[PDB]
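Everything below belongs to run_16.json, which stores JSON, C-alpha atoms.
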[["chain", "number", "residue", "atom", "x", "y", "z"],
["A", 385, "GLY", "CA", 0.00, 0.00, 0.00],
["A", 386, "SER", "CA", 0.88, 3.69, 0.12],
["A", 387, "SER", "CA", -0.59, 6.42, 2.32],
["A", 388, "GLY", "CA", -0.15, 10.18, 2.16],
["A", 389, "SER", "CA", 0.19, 12.39, -0.91],
["A", 390, "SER", "CA", 2.65, 11.06, -3.50],
["A", 391, "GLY", "CA", 3.67, 14.47, -4.80],
["A", 392, "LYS", "CA", 2.41, 18.03, -4.44],
["A", 393, "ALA", "CA", -1.02, 17.25, -5.89],
["A", 394, "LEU", "CA", -1.48, 21.00, -6.33],
["A", 395, "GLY", "CA", -5.16, 21.95, -6.44],
["A", 396, "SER", "CA", -6.32, 22.26, -2.84],
["A", 397, "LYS", "CA", -5.28, 25.92, -2.85],
["A", 398, "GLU", "CA", -4.88, 29.06, -4.95],
["A", 399, "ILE", "CA", -1.59, 30.80, -5.70],
["A", 400, "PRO", "CA", -1.87, 34.61, -5.51],
["A", 401, "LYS", "CA", -0.59, 36.45, -8.58],
["A", 402, "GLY", "CA", 1.61, 39.17, -7.14],
["A", 403, "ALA", "CA", 5.12, 40.48, -7.76],
["A", 404, "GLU", "CA", 8.44, 38.64, -8.07],
["A", 405, "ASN", "CA", 10.30, 40.56, -5.36],
["A", 406, "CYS", "CA", 7.42, 41.29, -2.99],
["A", 407, "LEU", "CA", 9.10, 39.10, -0.37],
["A", 408, "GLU", "CA", 12.71, 39.79, -1.36],
["A", 409, "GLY", "CA", 14.66, 40.58, 1.79],
["A", 410, "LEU", "CA", 12.14, 39.15, 4.24],
["A", 411, "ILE", "CA", 12.70, 35.94, 6.20],
["A", 412, "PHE", "CA", 10.21, 33.20, 7.05],
["A", 413, "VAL", "CA", 10.22, 30.23, 9.43],
["A", 414, "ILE", "CA", 8.05, 27.22, 8.63],
["A", 415, "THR", "CA", 7.33, 24.91, 11.57],
["A", 416, "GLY", "CA", 5.51, 21.58, 11.42],
["A", 417, "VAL", "CA", 3.54, 20.38, 8.41],
["A", 418, "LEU", "CA", 0.76, 21.87, 6.29],
["A", 419, "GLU", "CA", -1.89, 20.15, 4.17],
["A", 420, "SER", "CA", -2.11, 22.77, 1.41],
["A", 421, "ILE", "CA", 1.65, 22.49, 0.88],
["A", 422, "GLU", "CA", 4.62, 20.71, 2.45],
["A", 423, "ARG", "CA", 7.60, 22.38, 4.12],
["A", 424, "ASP", "CA", 9.28, 22.05, 0.72],
["A", 425, "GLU", "CA", 6.41, 23.35, -1.40],
["A", 426, "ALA", "CA", 5.64, 26.37, 0.78],
["A", 427, "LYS", "CA", 9.39, 26.99, 1.02],
["A", 428, "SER", "CA", 9.97, 27.10, -2.73],
["A", 429, "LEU", "CA", 7.21, 29.72, -2.76],
["A", 430, "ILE", "CA", 8.70, 32.17, -0.26],
["A", 431, "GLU", "CA", 11.99, 31.75, -2.11],
["A", 432, "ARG", "CA", 10.32, 32.17, -5.50],
["A", 433, "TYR", "CA", 9.61, 35.75, -4.43],
["A", 434, "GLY", "CA", 12.92, 36.37, -2.69],
["A", 435, "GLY", "CA", 11.90, 35.51, 0.86],
["A", 436, "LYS", "CA", 14.05, 33.16, 2.93],
["A", 437, "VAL", "CA", 13.07, 29.96, 4.73],
["A", 438, "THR", "CA", 14.87, 28.61, 7.79],
["A", 439, "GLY", "CA", 13.78, 26.07, 10.38],
["A", 440, "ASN", "CA", 15.06, 28.28, 13.19],
["A", 441, "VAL", "CA", 13.93, 31.51, 14.87],
["A", 442, "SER", "CA", 16.33, 34.42, 14.39],
["A", 443, "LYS", "CA", 16.50, 38.15, 15.10],
["A", 444, "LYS", "CA", 16.18, 38.85, 11.37],
["A", 445, "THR", "CA", 13.06, 36.70, 11.08],
["A", 446, "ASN", "CA", 10.24, 38.78, 9.62],
["A", 447, "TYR", "CA", 7.41, 36.25, 9.87],
["A", 448, "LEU", "CA", 6.86, 32.81, 11.40],
["A", 449, "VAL", "CA", 4.79, 30.36, 9.36],
["A", 450, "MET", "CA", 2.98, 28.15, 11.87],
["A", 451, "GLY", "CA", 1.05, 24.96, 11.17],
["A", 452, "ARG", "CA", 0.19, 21.79, 13.08],
["A", 453, "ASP", "CA", 1.89, 19.61, 15.69],
["A", 454, "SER", "CA", 4.06, 22.68, 16.27],
["A", 455, "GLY", "CA", 5.70, 23.68, 19.54],
["A", 456, "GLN", "CA", 4.71, 26.68, 21.63],
["A", 457, "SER", "CA", 8.33, 27.72, 22.17],
["A", 458, "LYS", "CA", 8.60, 28.94, 18.57],
["A", 459, "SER", "CA", 5.87, 31.51, 19.17],
["A", 460, "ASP", "CA", 7.21, 32.70, 22.52],
["A", 461, "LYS", "CA", 10.66, 33.55, 21.16],
["A", 462, "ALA", "CA", 9.16, 34.89, 17.93],
["A", 463, "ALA", "CA", 6.96, 37.40, 19.75],
["A", 464, "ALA", "CA", 9.81, 38.41, 22.06],
["A", 465, "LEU", "CA", 12.05, 39.33, 19.13],
["A", 466, "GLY", "CA", 9.04, 40.85, 17.40],
["A", 467, "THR", "CA", 8.09, 38.44, 14.63],
["A", 468, "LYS", "CA", 4.69, 38.30, 12.94],
["A", 469, "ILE", "CA", 3.16, 34.83, 13.25],
["A", 470, "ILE", "CA", 0.95, 33.63, 10.40],
["A", 471, "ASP", "CA", -0.34, 30.45, 8.76],
["A", 472, "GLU", "CA", -0.10, 29.09, 5.22],
["A", 473, "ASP", "CA", -3.04, 31.37, 4.43],
["A", 474, "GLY", "CA", -1.35, 34.48, 5.80],
["A", 475, "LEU", "CA", 1.71, 33.69, 3.69],
["A", 476, "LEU", "CA", -0.27, 33.63, 0.45],
["A", 477, "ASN", "CA", -1.98, 36.95, 1.16],
["A", 478, "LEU", "CA", 1.44, 38.45, 1.85],
["A", 479, "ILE", "CA", 2.12, 37.72, -1.81],
["A", 480, "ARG", "CA", -0.90, 39.69, -3.00],
["A", 481, "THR", "CA", -0.65, 42.49, -0.44],
["A", 482, "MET", "CA", 3.10, 43.06, -0.61],
["A", 483, "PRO", "CA", 4.38, 45.39, -3.36],
["A", 484, "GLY", "CA", 6.66, 44.45, -6.23],
["A", 485, "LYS", "CA", 10.07, 45.43, -7.59],
["A", 486, "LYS", "CA", 11.87, 45.47, -10.94],
["A", 487, "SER", "CA", 14.65, 42.89, -11.09],
["A", 488, "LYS", "CA", 17.87, 43.65, -12.96],
["A", 489, "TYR", "CA", 17.01, 40.92, -15.46],
["A", 490, "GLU", "CA", 13.66, 39.35, -16.36],
["A", 491, "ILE", "CA", 13.13, 35.68, -17.19],
["A", 492, "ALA", "CA", 11.00, 34.83, -20.23],
["A", 493, "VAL", "CA", 8.46, 32.00, -20.28],
["A", 494, "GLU", "CA", 7.96, 32.87, -16.61],
["A", 495, "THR", "CA", 4.86, 30.69, -16.26],
["A", 496, "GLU", "CA", 3.79, 27.28, -14.96]]
Step by step, read the file and then write its structure as structure tokens.
Amino acid sequence: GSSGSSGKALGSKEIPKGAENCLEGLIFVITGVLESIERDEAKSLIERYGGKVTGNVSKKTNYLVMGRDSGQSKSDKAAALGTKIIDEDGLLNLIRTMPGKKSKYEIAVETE
């Protein structure tokens, strides 16, 4: 047999059409697992816009992507340093709410 999703099975969510550098410079911390997307999937996203993804809370951390079976220590520290905690949903919106920038070089056929 075989349980769980084989791949990304994209479809149980909607990717916001924003800018390419709307998250460039910002850092994100994904903890636990998320149905919509896996630590990898969601990660590739934040990075696809410039944002960073690290499984550790830092002073540079801009936002903390929470999920399930996650610890409460991550939040505590996050708040202390002053990090905005959000869920997979909040991350997506940040892609439609955040502004955009003009990269030095554009990549053609930039579509799925």
query: Could you pull the residues within 7 Å of region 463-478 of chain A, counting all atoms listed in the file, minus those fewer than 4 positions along the same chain, as a list in words?
result: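 Counting all atoms listed in the file, the residues come to residues 399, 400, 443, 445, 446, 447, 448, 449, 450, 451, 459 and 482 of chain A.
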Only C-alpha atoms, please: the residues just picked out, written as a PDB file, keeping the file's coordinate frame.
ATOM      1  CA  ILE A 399      -1.590  30.800  -5.700  1.00  0.00           C
ATOM      2  CA  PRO A 400      -1.870  34.610  -5.510  1.00  0.00           C
ATOM      3  CA  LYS A 443      16.500  38.150  15.100  1.00  0.00           C
ATOM      4  CA  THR A 445      13.060  36.700  11.080  1.00  0.00           C
ATOM      5  CA  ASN A 446      10.240  38.780   9.620  1.00  0.00           C
ATOM      6  CA  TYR A 447       7.410  36.250   9.870  1.00  0.00           C
ATOM      7  CA  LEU A 448       6.860  32.810  11.400  1.00  0.00           C
ATOM      8  CA  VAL A 449       4.790  30.360   9.360  1.00  0.00           C
ATOM      9  CA  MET A 450       2.980  28.150  11.870  1.00  0.00           C
ATOM     10  CA  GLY A 451       1.050  24.960  11.170  1.00  0.00           C
ATOM     11  CA  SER A 459       5.870  31.510  19.170  1.00  0.00           C
ATOM     12  CA  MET A 482       3.100  43.060  -0.610  1.00  0.00           C
TER      13      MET A 482
END
- prompt: Using only C-alpha atoms, which of A:404, A:425, A:460, A:496 sits nearest residue 392 (chain A)?
  reply: A:425
Point-to-point distance from CA of residue 462 (chain A) to CA of residue 409 (chain A), Å rounded to tenths: 18.0 Å
Draw an axis-aligned box tight on the listed atoms of region 452-461 of chain A, then pad every side by 5 Å and write out centre and edge lengths in Å to one decimal as lines of an AutoDock Vina configuration file.
center_x = 5.4
center_y = 26.6
center_z = 17.8
size_x = 20.5
size_y = 23.9
size_z = 19.4
message: Could you tell me how far CA of residue 414 (chain A) sits from CA of residue 436 (chain A), in Å to one decimal place?
response: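 About the pair CA of residue 436 (chain A) and CA of residue 414 (chain A): they are 10.2 Å apart.
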- request: Name the closest residue to residue 444 (chain A) among the candidates A:410, A:488, A:481, A:393; distances are taken between atoms, counting only C-alpha atoms.
  value: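 Between A:410, A:488, A:481, A:393, the residue approaching residue 444 (chain A) most closely is A:410.
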